[PDB]
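*Asks:* What follows is a single structure, and I will ask about it in a moment.
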Amino acid sequence: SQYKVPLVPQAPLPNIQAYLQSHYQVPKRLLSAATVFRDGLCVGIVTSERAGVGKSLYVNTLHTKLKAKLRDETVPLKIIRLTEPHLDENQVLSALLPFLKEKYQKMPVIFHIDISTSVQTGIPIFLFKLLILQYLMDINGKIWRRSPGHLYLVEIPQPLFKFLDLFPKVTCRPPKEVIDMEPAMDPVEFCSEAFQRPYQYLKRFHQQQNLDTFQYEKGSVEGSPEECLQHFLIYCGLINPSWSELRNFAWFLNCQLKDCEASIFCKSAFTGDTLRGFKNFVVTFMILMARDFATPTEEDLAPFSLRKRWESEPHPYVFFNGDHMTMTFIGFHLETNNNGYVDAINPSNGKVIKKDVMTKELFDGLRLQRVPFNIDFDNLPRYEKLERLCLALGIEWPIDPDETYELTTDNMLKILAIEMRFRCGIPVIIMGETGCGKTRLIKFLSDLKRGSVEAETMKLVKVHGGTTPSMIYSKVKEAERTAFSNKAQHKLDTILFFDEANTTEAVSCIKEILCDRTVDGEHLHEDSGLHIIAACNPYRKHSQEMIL
Amino acid sequence: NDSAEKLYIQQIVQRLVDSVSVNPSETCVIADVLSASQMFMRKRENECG
Ligand SMILES: Nc1ncnc2c1ncn2[C@@H]1O[C@H](COP(=O)(O)OP(=O)(O)OP(=O)(O)O)[C@@H](O)[C@H]1O
Ligand SMILES: Nc1ncnc2c1ncn2[C@@H]1O[C@H](COP(=O)(O)OP(=O)(O)O)[C@@H](O)[C@H]1O
Ligand SMILES: [Mg+2]
């Protein structure tokens, strides 16, 4: 204490930032990975206030920018998912050890450190060790050196607000926050059909035109990223979306409009010449349908415990049969309105939502065409409702897998919602208590899907209080192997199930499995055939008398 | 919502007692006393877990 300096030296923030930015400059004629970054900076940190905004897609676009320049690229993209609290340097050290000790990978390689949200007390020491001090050291082992010529990118979600401003930082924002001050599309996604075809129909739906003229000329129509963003923001319902929901909406609309185009209903309207006005009701009901699916919304349990909606809420479900050429209607009823139209209601009460949808000549056409409209599933037998399901799910020649499972209307709304959620591309996560039947529900779905084959389809993965991540990647990898085997030999798709998948610190790795389709940095195969379904316990406090 | 709870408890007791010769009628007694215990659990300010 007697050798104390009562001065506390300090420097301004722009001086430190200019110092680090000037000493991170990779020079010319070095053939580095930094030539695609901000004029050779070689270290970046991408952050945001909220998640789902496009950090990893920015990293991927920088990676493909480095693919484009410097031909015969063959560049690796090393991904190290840091996922545990009380952060360990030996994990990222052992992940980086077998990489740059071969001296044929001294070609420029983009490195991409991914720091998750559950790493509470180990961040600035690791950041200052890697980015400033340029070393990772083991006490009994080797020493890593950060090299001027390998580009590094360290994610962080948002104390740290003061600390993360030192490094050369590139920030990213939701589409609401880049439409007022600044394109915003990923240009390879706008050229993709999944964002083109729903735009191709919503462009003609916004200002009123008849959809009797055929679309999808397989090329991009003359549009802009900003006006497409304007359409997808005004047609989503929620007022502050991330980039996840807006992409979810677009893939959902792609899947339902592909199911509409796969039917002969447009061909029947062409050959009958009095069926039109149908597709306006189609796209309007799919806006309602997508508002039903992908639009949600104690002071520290407020983002968790506050459930905005439950199953005690009307979910009007519509589905298009693939092989067979009719439709179905589950969850809502149609009754005559006094203004000359037909409104939609939910059973057991009176609700007058979604007025003024469509006209009478379409009802004349579908009454002529004999579609199953306005049927209440309280008084149907077992074979009729299983036939309705096998028409709905596309299953041919149904065999009843279990008559002990009593199928109520909630137990078929959940079936339909779950199967289309893993059909179109949304991640499937279940918020439910212990007493609710989810394992039996997904077992019934898997047994109905496999029908009569004795192969293993449903694989339960139990997630307990001491589940390390390594067994989770091992189980997901062996689920991939049995998925390839099952689709190779039986043409059958499997279901991977995570039950009480909320207790571990590896819930970020659980998010890594299905939300982005990448395991341990390796991309999951979209053509493999695999559906990951996870379940979490709800967040609520005990009673105060219980604590007493 | 406990409308189907008496259905679920009766299905479990008829599936897991294996009552091929126990009683044709007392399985309803077992099912609704289990449902009465479940309703007494629900008609209380808290549960255990
Ligand atoms: N600017 C953008 N334009 C188009 N799509 C975008 C954009 N930004 C993100 N996306 C989409 O967002 C989805 C997921 O986003 P991404 O994985 O990049 O989020 P993130 O910021 O890494 O999330 P997290 O913090 O949760 O890990 C992808 O389907 C991607 O196409
Ligand atoms: N349709 C159904 N018919 C009969 N019982 C059901 C049905 N759905 C769920 N159950 C009941 O749910 C219980 C499952 O308990 P639990 O293990 O807590 O389920 P989960 O593993 O889904 O949380 C079983 O006793 C089963 O009888
Ligand atoms: Mg991330």
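*Asks:* With the structure loaded, tell me whether A:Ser348 is closer than 26 Å to A:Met327 by Cβ, surrounded by fewer than 17 Cβ atoms within 10 Å (Cβ to Cβ) and of a type in the set (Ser, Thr, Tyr) or whether it fails that test. Let's see the steps before the verdict.
*Replies:* Working: closer than 26 Å to A:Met327 by Cβ: yes; surrounded by fewer than 17 Cβ atoms within 10 Å (Cβ to Cβ): yes; of a type in the set (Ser, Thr, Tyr): yes.
The answer is yes for A:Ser348.
*Asks:* Restricting to the range A:259-282, and then to whatever is closer than 14 Å to A:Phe363 by Cβ and more than 34 Å from the chain's Cα centre (by Cα), can you tell me which residue is surrounded by the fewest Cβ atoms within 10 Å (Cβ to Cβ)?
*Replies:* The qualifying residue surrounded by the fewest Cβ atoms within 10 Å (Cβ to Cβ) is A:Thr274.
Here is a yes/no grid of residues against (1) within 14 Å of chain B (Cβ to nearest Cβ); (2) assigned to a helix (DSSP H, G or I); (3) of a type outside the set (A, V, I, L, M, F, W, C); (4) under 35 Å from the mean Cα position of the chain (by Cα):
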| residue | (1), (2), (3), (4) |
| --- | --- |
| A:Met358 | no, no, no, yes |
| A:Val371 | no, no, no, yes |
| A:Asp376 | no, no, yes, yes |
| A:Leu380 | no, no, no, no |
| A:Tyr383 | no, yes, yes, no |
| A:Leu389 | no, yes, no, yes |
| A:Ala392 | no, yes, no, yes |
| A:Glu406 | yes, no, yes, yes |
| A:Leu416 | no, yes, no, yes |
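*Asks:* While we're here: Taking into account only those residues within the range A:285-332 that are aromatic (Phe, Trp, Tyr) and outside any loop (DSSP other than H, G, I, E, B), which is farthest from A:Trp397 (Cα to Cα)?
*Replies:* Selected residue: A:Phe304.
*Asks:* Tell me which residues, restricted to the range A:16-54, are under 14 Å from A:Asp165 (Cα atoms) and surrounded by fewer than 13 Cβ atoms within 10 Å (Cβ to Cβ). Steps first, please.
*Replies:* The first filter runs over the range A:16-54 and keeps only residues under 14 Å from A:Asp165 (Cα atoms), leaving A:16-21, A:43-49.
Those that are under 14 Å from A:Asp165 (Cα atoms) and surrounded by fewer than 13 Cβ atoms within 10 Å (Cβ to Cβ): A:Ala18, A:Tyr19.
Listed here are the residues, each with its yes/no results for (1) of a type in the set (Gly, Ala, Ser); (2) part of a loop (DSSP other than H, G, I, E, B).
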{"position": "A:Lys65", "(1), (2)": "no, no"}
{"position": "A:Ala95", "(1), (2)": "yes, no"}
{"position": "A:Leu100", "(1), (2)": "no, yes"}
{"position": "A:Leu153", "(1), (2)": "no, no"}
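*Asks:* Moving on. May I ask you to list pairs of residues, at least six apart or on different chains, whose Cβ atoms are under 7 Å apart, with the first in the range A:336-348 being of a type in the set (S, T, N, Q) and the second being part of a loop (DSSP other than H, G, I, E, B)?
*Replies:* A:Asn346/A:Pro314; A:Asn346/A:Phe332
*Asks:* What about A:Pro124, is it more than 14 Å from chain B (Cβ to nearest Cβ) and more than 16 Å from ligand 3 (Cβ to nearest atom)?
*Replies:* yes
*Asks:* For A:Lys449, indicate whether it is out of contact with any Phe, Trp or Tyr (no Cβ under 9 Å at 6 or more places or on another chain), crowded, with 17+ Cβ neighbours inside 10 Å, within 14 Å of chain B (Cβ to nearest Cβ) and not in a loop (DSSP other than H, G, I, E, B).
*Replies:* Judged against the criteria, A:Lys449 is not a match.
*Asks:* Still on this structure, I have one more. Please list, ordered by first then second residue, the pairs with beta carbon atoms under 9 Å, 6 or more apart or interchain, first in the range A:53-66 and near ligand 1 (Cβ under 6 Å from one of its atoms), second among the hydroxyl-bearing types (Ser, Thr, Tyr).
*Replies:* From the range A:53-66, the pairs are A:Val53/A:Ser242; A:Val53/A:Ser244; A:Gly54/A:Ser48; A:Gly54/A:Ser242; A:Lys55/A:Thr47; A:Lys55/A:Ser48; A:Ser56/A:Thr518.
*Asks:* Let me ask another. So for the range A:521-529 (the condition being surrounded by 14 or more Cβ atoms within 10 Å (Cβ to Cβ) and in contact with a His (Cβ under 6 Å, 6 or more places away or on another chain)), does at least one residue qualify?
*Replies:* No; the residues of the range A:521-529 include none that is surrounded by 14 or more Cβ atoms within 10 Å (Cβ to Cβ) and in contact with a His (Cβ under 6 Å, 6 or more places away or on another chain).
*Asks:* I would also like to ask the following. Out of the residues in chain B that are outside any helix (DSSP H, G or I) and polar (S, T, N, Q), which is nearest to the other protein chains (Cβ to nearest Cβ)?
*Replies:* Step one: filter chain B for residues outside any helix (DSSP H, G or I), giving B:1-4, B:17-25, B:43-49.
The next check asks that each one be polar (S, T, N, Q); those that pass are B:1, B:3, B:19, B:21, B:23, B:25, B:46.
Details: B:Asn1: 8, B:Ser3: 9, B:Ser19: 15, B:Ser21: 21, B:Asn23: 20, B:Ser25: 21, B:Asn46: 4 Å.
Ranking the qualifying residues of chain B, first place goes to B:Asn46.
*Asks:* Show me the helices (runs of 4 or more DSSP H) found entirely inside the range A:463-548 where at least 3 residues are within 14 Å of another protein chain (Cβ to nearest Cβ) and within 29 Å of A:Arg307 (Cβ to Cβ).
*Replies:* A:544-547
*Asks:* Kindly establish whether A:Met412 is crowded, with 18+ Cβ neighbours inside 10 Å and part of a helix (DSSP H, G or I). Please lay out each step first, then the result.
*Replies:* On the way: crowded, with 18+ Cβ neighbours inside 10 Å: yes; part of a helix (DSSP H, G or I): yes.
Considered against the rule, which asks whether it is crowded, with 18+ Cβ neighbours inside 10 Å and part of a helix (DSSP H, G or I), A:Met412 comes out as yes.
*Asks:* Which condition from (1) touching a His at 6+ places or on another chain (Cβ under 8 Å); (2) buried (at least 19 other Cβ atoms within 10 Å of the Cβ) is the one that A:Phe332 breaks?
*Replies:* That leaves (1) as the condition not met.
*Asks:* Within the range A:29-56, track down each residue that is of a type outside the set (D, E, K, R) and within 11 Å of ligand 3 (Cβ to nearest atom).
*Replies:* Of everything in the range A:29-56, those that are of a type outside the set (D, E, K, R) and within 11 Å of ligand 3 (Cβ to nearest atom) turn out to be A:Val46, A:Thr47, A:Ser48, A:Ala51, A:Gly52, A:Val53, A:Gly54, A:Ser56.
*Asks:* Let me ask something else about it. In the range A:182-251, which helices (runs of 4 or more DSSP H) lie fully inside it and hold 2 or more residues that are exposed (fewer than 14 other Cβ atoms within 10 Å of the Cβ) and more than 10 Å from ligand 1 (Cβ to nearest atom)?
*Replies:* By residue number, A:225-234.
*Asks:* Among the residues of the range A:370-397, write down those that are among the basic types (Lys, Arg) and farther than 20 Å from A:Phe265 by Cβ.
*Replies:* Answer for the range A:370-397, where residues must be among the basic types (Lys, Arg) and farther than 20 Å from A:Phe265 by Cβ: A:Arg382, A:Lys385.
*Asks:* So how many residues does the range A:394-404 have that are more than 17 Å from A:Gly322 (Cα to Cα) and more than 14 Å from chain B (Cβ to nearest Cβ)?
*Replies:* Taking the range A:394-404 first, the residues more than 17 Å from A:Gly322 (Cα to Cα) are A:399-404.
Narrowing the set further to residues that are more than 14 Å from chain B (Cβ to nearest Cβ) leaves A:399-401.
Number of matching residues: 3.
*Asks:* Within the group A:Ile45, A:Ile110, A:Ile80, which residue is within 16 Å of ligand 1 (Cβ to nearest atom), away from every other protein chain (no Cβ under 14 Å) and under 27 Å from A:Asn140 (Cβ atoms)?
*Replies:* So the residue among A:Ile45, A:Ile110, A:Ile80 that is within 16 Å of ligand 1 (Cβ to nearest atom), away from every other protein chain (no Cβ under 14 Å) and under 27 Å from A:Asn140 (Cβ atoms) is A:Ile80.
*Asks:* Continuing with this model, one more query. What about A:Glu419, is it surrounded by fewer than 16 Cβ atoms within 10 Å (Cβ to Cβ) and charged (D, E, K, R)?
*Replies:* Here the answer is no, as A:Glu419 does not meet what is asked.
*Asks:* Looking at A:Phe497 and the list (1) over 27 Å from A:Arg540 (Cα atoms); (2) within 24 Å of the chain's Cα centre (by Cα), which single condition is not satisfied?
*Replies:* In the conditions (1) over 27 Å from A:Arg540 (Cα atoms); (2) within 24 Å of the chain's Cα centre (by Cα), A:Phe497 misses (1) alone.
No lab work stands behind these numbers, since they all come straight from the coordinates. So basically every Cβ, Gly included, is an ideal-geometry build from the backbone, and we count neighbours across all protein chains shown.
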